[PDB]
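Novice: coordinates only, sequence not included:
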């Protein structure tokens, strides 16, 4: 079976998501390698896509997103711990 269409490393830390703007292809599977390098637990949350993944400090999760709808969607940490409020997932 076939590889994901795209693979993106995403750092979660105590200050920001890196990258904070993630662009992914519509109607395809993208693997997101989430790595929490902070001391706190953090969430990776895209409410409109039904994504809410919790990553403990020092842990990692390799998730798959398969978005259905072109658009720009807010990416947040639900705990409201990060320095800014500008995160986005763009589907095209």
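Specialist: That came through, no problem. Numbers count the residues shown, from 1 in each chain.

Novice: Can you mark which positions in stretch 79-91 are buried?
Specialist: If you call a residue buried by 16 or more other Cβ atoms under 10 Å, then stretch 79-91 has these buried ones: 82, 87, 88, 89, 91. In short, each C-beta sits where N, CA and C put it, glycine included.

Novice: Could you export those as a markdown table, including secondary structure and distance to residue 7?
Specialist: Below are the buried residues of stretch 79-91 laid out as a markdown table (DSSP: H, G, I helix; E, B strand; the rest coil; distance: Cβ to Cβ, whole Å):
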| residue | secondary structure | distance to residue 7 |
| --- | --- | --- |
| 82 | coil | 24 |
| 87 | coil | 19 |
| 88 | strand | 19 |
| 89 | strand | 15 |
| 91 | strand | 16 |
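
Novice: ok, of those residues, which one's closest to residue 25?
Specialist: residue 91 (7.6 Å; Cβ to Cβ).

Novice: hang on, residue 68 packs against residue 25?
Specialist: No: with contact defined as Cβ atoms under 8 Å, residue 68 and residue 25 do not form a contacting pair (11.6 Å).

Novice: Could you check which of those two has the larger neighbour count?
Specialist: For the pair residue 68 and residue 25, the greater number of neighbours falls to residue 25 (14 against 9), based on other Cβ atoms under 10 Å.

Novice: and the closest residue to the more buried one other than its chain neighbours, how many residues sit next to it?
Specialist: Closest residue to residue 25 in three dimensions, ignoring its sequence neighbours and counting by Cβ to Cβ, 6 or more residues apart in numbering: residue 5, at 5.5 Å. Counted by other Cβ under 10 Å, the residues lying close to residue 5 total 13.
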